[PDB]
Each structure stands twice: as C-alpha cells, then as structure tokens.
Amino acid sequence: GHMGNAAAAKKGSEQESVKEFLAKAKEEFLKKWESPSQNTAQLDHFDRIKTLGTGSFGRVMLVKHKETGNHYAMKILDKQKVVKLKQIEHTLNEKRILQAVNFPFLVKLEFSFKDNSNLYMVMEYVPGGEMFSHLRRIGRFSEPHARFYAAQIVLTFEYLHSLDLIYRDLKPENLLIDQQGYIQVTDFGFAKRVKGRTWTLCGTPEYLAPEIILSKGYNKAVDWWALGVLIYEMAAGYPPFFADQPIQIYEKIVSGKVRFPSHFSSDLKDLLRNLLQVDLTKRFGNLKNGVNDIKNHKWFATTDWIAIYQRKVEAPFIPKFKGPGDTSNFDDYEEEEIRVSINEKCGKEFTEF
Amino acid sequence: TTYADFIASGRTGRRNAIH
Ligand SMILES: CCCN(CC[NH3+])S(=O)(=O)c1cccc2cnccc12
C-alpha cells in the first residue's frame with residue numbers, strides 16, 4: 001500500500017484525534033451559541049484613529065482602547081442602513097457566530113455594544129492587511145507559500161464544518177494576515193448554520209461553486225470548491241475562471257473545464273481538479289473520507305497539520321509592522337465622522353445584538 | 001497570454017459580492 005505500518009497507524013491516530021478535538025470544540029461552541037455575551041464595552045472607551053475599510057453598511061476603524069492602550073478594529077454598522085439594505089439577519093448572525101467560535105485563524109470579538117444609531121463590534125486588530133494586496137503586489141505565491149495559507153483554510157473549514165457552519169465568503173479580499181504571517185478570517189455575514197442544504201445565491205462570482213450558479217440546493221462542499229479557487233489564485237496570481245462580466249464567468253465555472261499555468265506542479269493540478277470538480281459525487285471534501293481526502297493529498301504531504309494549528313511553522317512572509325497602530329498595510333479612506341442620533345433608530349430589530 | 005486576458009477582464013481589483 002502507500003503507507004507502511006508505522007505511517008498508517010500514525011495517520012489513523014491523527015485522524016481520530018481530530019475527531020476528539022472537534023467533538024469538544026462543538027460542545028464549547030454550542031454553550032456560547034446558546035448564551036451569547038453582550039454589551040462588554042462602550043464607545044468612549046476608545047479613540048478612533050483611522051478607517052481601515054468601508055462597505056455599504058458602515059466601516060471598520062482602527063481604534064485605541066483608552067485605558068489599556070490596546071489597538072482594535074471596530075466595525076461600525078449604521079442600523080438604519082442595515083435595515084434599508086435588508087441585512088438585519090446577517091448582522092445579528094455575524095455577531096452571534098463571532099462570539100461563539102474559537103479557533104486560531106478566526107478573528108476574536110473582544111467587545112460589542114450598541115447605541116441609538118449604530119452597532120459596534122470590536123475585534124482584534126490584524127495589522128498585516130488583506131492577502132489580496134500582497135498577492136497582487138508579489139504577483140503569485142510559490143507553492144509552499146500558497147500551501148501554508150491553504151492549510152490554514154483547510155483546518156478552519158474543518159472546524160467550521162464540524163459546527164455545521166458553511167462559510168461561503170472565501171476570497172483573498174476576505175483573508176487578513178497577522179503579525180506572525182498567519183491568516184485571520186473576519187467576515188461571517190454570509191455564513192450559515194445548516195446541517196443539510198441551503199439555497200441562497202450569495203458569494204463572489206469568481207468563487208461561486210457551480211451548484212450555486214445553477215440555483216441548486218447546496219451544502220458545505222461549496223466551501224471546498226472555493227478553496228480550490230483560492231489555491232489556484234494564490235499559486236497562479238489570477239483565478240481559474242474570469243471574464244469581463246459575471247455571466248461569462250459563470251459559463252466557465254459550470255463548463256467542467258479548467259486550465260493551469262505550466263509552472264503548476266502535477267500534485268497541485270491533481271488537487272485542484274478534485275476540488276474544482278463540478279460533479280458533487282466526486283468533489284474532494286464531499287466524499288465518504290471527508291476532509292481527509294484533502295489533508296492526505298500528495299500536495300499536502302509536507303504539511304504538519306498540528307504544527308500549523310499550533311502556529312509553530314515559520315511563515316513564508318511577515319508583513320511590515322512599524323509598531324502598534326501601524327496601518328500601512330491597509331488602504332487610505334475618506335474619514336466620515338460618526339454621529340449618534342438623539343433618537344434611537346431601529347431598536348426592536350436589534351434587541352439581540 | 002492568460003495573464004494578459006486577466007488584465008483585460010477588468011476584474012483585477014477587489015471583487016464585490018453579489019450582495
Ligand atoms: C469593510 C471592510 C472591513 N474589512 C474586512 C475586509 N474583508 S477590514 O477593515 O479589513 C477588517 C474587518 C474586520 C476585522 C479587522 C481586523 N483588523 C483589521 C482589519 C479588519
């Protein structure tokens with residue numbers, strides 16, 4: 001066989017230990033999911049420093065905690081805008097997930113609170129910026145570099161899927177790099193708890209699995225498709241399916257055809273053909289052997305999964321970091337003051353926040 | 001080249017979700 005006795009026993013034992021870790025992690029998540037924390041700080045505890053990113057809901061600001069001096073990333077959501085944008089459920093869901101999960105590559109919600117106008121989620125500040133920026137700058141990552149990041153996503157999805165969470169929002173724009181060079185996942189508005197199927201059209205065109213495009217009921221395998229797209233983009237510098245307009249992207253996605261740069265290793269192409277598999281009965285991560293088909297693939301043969309989880313692997317790239325509060329890895333944005341109305345807006349909608 | 005096609009697509013910047 002492919003493994004002698006020692007290697008097979010070691011792998012079996014490792015896979016059983018994963019099961020044991022995940023069963024405990026589910027116990028812990030379900031406790032926090034049923035009894036969420038709330039109202040653990042307030043706005044005048046923080047000085048606002050700089051906008052790190054903006055979206056249709058509001059924005060994320062670098063803030064400094066006045067007493068501790070600690071920097072954080074504060075997501076500010078305009079309640080009236082959230083309601084107009086039809087995002088009440090997503091917003092409440094994101095906060096509920098963030099307060100309940102616990103994994104080294106998932107951003108930690110340190111405080112949350114609300115006032116008459118806005119919702120606030122105060123997260124650890126991840127100073128390295130988006131993977132997207134580094135990928136476009138460097139061009140493409142080497143296969144060892146791409147693999148170091150990919151392994152973290154595999155483990156994070158293994159974790160999330162054990163909690164019946166489908167992630168659905170994977171792309172380099174949504175992965176931050178921390179001071180040690182490891183990945184942080186921050187966005188959970190599109191994540192959903194579901195043990196079976198779900199049907200919402202959501203995601204980013206380049207990263208959509210065919211069964212989403214085709215308006216099918218779908219499951220957590222769409223995350224493994226998205227991992228395939230991410231690994232391809234990290235290693236190529238561009239995604240596997242692109243075009244001028246989304247409709248053309250979708251035609252390519254559903255076609256069952258993918259082409260690879262000549263510099264891709266055969267091991268990499270083999271993994272990507274099994275992740276970017278239009279046929280759900282054949283897609284890695286969706287088979288009887290589950291995530292083990294991915295973790296045990298030749299392209300990951302040099303990956304020490306436990307060492308990645310323990311953050312004991314030396315990162316291939318450490319972002320520049322001039323000190324706490326350094327924002328140089330983030331873009332510059334127009335700074336709009338934040339107002340709280342004298343009149344509470346949208347109170348009932350957000351009582352759970 | 002494929003890279004040139006990627007540049008030509010106009011989708012080299014940050015990509016929005018369907019939302
Ligand atoms: C409206 C974009 C917000 N961003 C997410 C990009 N998908 S973000 O500003 O990058 C950001 C979000 C959440 C936590 C963060 C922690 N540390 C630094 C930035 C952080």
Side-chain angles (χ1 to χ4, degrees), chain A residues 1-4 6-23 25-26 103-105 141-164 166-167 170 183 209-211 219-232 234-236 240 256 258-287 289-316:
Chain A
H2 287 283
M3 296 192 287
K10 175 175 183 297
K11 181 63 74 169
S13 165
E14 278 162 359
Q15 295 180 169
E16 286 298 295
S17 294
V18 171
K19 290 184 179 169
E20 185 180 338
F21 167 82
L22 295 172
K26 185 175 172 179
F103 203 66
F105 316 123
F141 301 153
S142 70
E143 293 194 26
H145 185 174
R147 178 162 50 238
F148 170 79
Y149 294 149
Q152 297 169 61
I153 302 303
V154 169
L155 289 174
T156 300
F157 283 179
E158 185 168 41
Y159 172 80
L160 290 174
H161 289 177
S162 81
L163 308 180
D164 300 316
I166 309 177
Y167 184 67
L170 187 72
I183 278 166
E211 60 266 28
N219 68 7
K220 57 189 187 62
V222 303
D223 283 333
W224 295 124
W225 174 281
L227 174 69
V229 182
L230 183 77
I231 294 174
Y232 184 117
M234 289 191 299
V258 55
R259 300 181 68 259
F260 299 109
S262 67
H263 62 80
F264 277 22
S265 68
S266 288
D267 288 338
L268 178 56
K269 291 182 289 184
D270 186 87
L271 173 66
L272 293 175
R273 284 182 169 122
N274 284 291
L275 291 168
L276 301 174
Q277 173 55 259
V278 173
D279 185 339
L280 280 167
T281 76
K282 300 185 176 193
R283 188 183 303 155
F284 274 17
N286 204 39
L287 309 180
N289 193 26
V291 189
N292 299 324
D293 285 324
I294 298 170
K295 293 172 74 183
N296 296 343
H297 189 276
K298 284 185 168 203
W299 194 70
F300 283 116
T302 68
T303 299
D304 184 341
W305 296 98
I306 294 295
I308 293 281
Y309 167 80
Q310 296 183 336
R311 306 167 61 92
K312 288 187 178 180
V313 175
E314 194 198 341

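Just so we're on the same page: letters track the sequence lines, and every chain starts at 1.
The closest side-chain heavy-atom distance from A:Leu268 to A:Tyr232 is not below 4.5 Å. Side-chain contact between A:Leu272 and A:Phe264 is present, with at least one heavy-atom pair separated by less than 4.5 Å. Side chains of A:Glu16 and A:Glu20 form no contact here, defined as non-hydrogen atoms less than 4.5 Å apart. Looking at heavy atoms from C-beta onward, A:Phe300 lies in side-chain contact with A:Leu271 at the 4.5 angstrom threshold. Put simply, the side chain of A:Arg147 reaches to within 4.5 Å of the side chain of A:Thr302, judged on heavy atoms. Using a 4.5 Å heavy-atom cutoff, the side chains of A:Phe148 and A:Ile308 are in contact. Taking 4.5 Å as the limit, some side-chain heavy atom of A:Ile294 sits within range of a side-chain heavy atom of A:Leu275.
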Inset, instruction - Start with the C-alpha gap between A:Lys295 and A:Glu14, add the side-chain angles, then the distance that decides, and say whether salt bridge (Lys or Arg N to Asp or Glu O under 4.0 Å) holds. - result: CA-CA 11 Å; A:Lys295 293 172 74 183; A:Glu14 278 162 359; over 6 Å; no

Inset, instruction - Give the C-alpha distance, both sets of side-chain angles, the deciding distance and a yes or no for side-chain contact (heavy atoms from CB on, under 4.5 Å) between A:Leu155 and A:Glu158. - result: CA-CA 5 Å; A:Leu155 289 174; A:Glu158 185 168 41; 3.8 Å; yes

Legend entry - Steps toward side-chain contact (heavy atoms from CB on, under 4.5 Å) verdict (A:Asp304, A:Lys312): CA-CA 10 Å; A:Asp304 184 341; A:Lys312 288 187 178 180; over 6 Å; no

Inset, instruction - Any chance you could lay out the side-chain contact (heavy atoms from CB on, under 4.5 Å) test for A:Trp224 and A:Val291, step after step, and finish with the verdict? - result: CA-CA 9 Å; A:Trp224 295 124; A:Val291 189; 3.7 Å; yes

Inset, instruction - Show the numbers, then the answer: is there a side-chain contact (heavy atoms from CB on, under 4.5 Å) between A:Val278 and A:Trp225? - result: CA-CA 9 Å; A:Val278 173; A:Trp225 174 281; 4.1 Å; yes

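Shown here for A:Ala146 and A:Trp299, the closest heavy-atom pair between the two residues is C-CH2, 4.1 Å. For the residue pair A:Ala236 and A:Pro261, the shortest heavy atom distance occurs at CB-CG, 3.8 Å. Minimum interatomic distance between A:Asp223 and A:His161 (heavy atoms only, all atoms of both residues): OD2-NE2, 2.8 Å. Residues A:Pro240 and A:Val229 share a closest heavy-atom pair of CD-CG1, 3.7 Å. Here the shortest heavy-atom pairing between A:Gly228 and A:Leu276 reads C-CD2, 3.8 Å. Of all heavy-atom pairs between A:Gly285 and A:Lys220, the closest is O-NZ, 3.6 Å.
In this structure, the separation between CD1 on A:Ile231 and CD on A:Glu143 is 10.0 Å, given to the nearest 0.5 Å. Atom CD of A:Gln152 and atom OG1 of A:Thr303 lie 10.5 Å apart (nearest 0.5 Å). Distance CG/A:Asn274 to CG/A:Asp270: 5.0 Å, rounded to 0.5 Å. Taking CZ of A:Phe141 as the reference point, atom CE of A:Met234 lies at 7.5 Å (rounded to 0.5 Å). Between A:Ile166 atom CD1 and A:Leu160 atom CG the span is 10.5 Å, to the nearest 0.5 Å. Atoms CG and CG, on A:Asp293 and A:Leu287 in that order, are 5.0 Å from each other to the nearest 0.5 Å.
Between A:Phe157 and A:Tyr167, the ring planes lie tilted relative to each other; the angle falls in the 30° to 60° range.
Side-chain contact annotation: A:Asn286 with A:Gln277, donor-acceptor N/O pair under 3.5 Å absent.
The backbone N or O of A:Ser13 lies less than 3.5 Å from a partner atom in the side chain of A:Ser17, making a donor-acceptor pair.
Taking the ring-ring contact (aromatic ring centres under 6.0 Å, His included) definition, one finds that A:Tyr309 meets it with A:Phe21, A:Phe103, sequence neighbours left out. Checked against side-chain contact (heavy atoms from CB on, under 4.5 Å), A:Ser142 has the following partners two or more places apart in sequence or in another chain: A:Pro144, A:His145.
Residue A:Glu314 places its CD atom among 12 or fewer non-hydrogen atoms of other residues, nucleotides or ligands, all under 6.0 Å distant.
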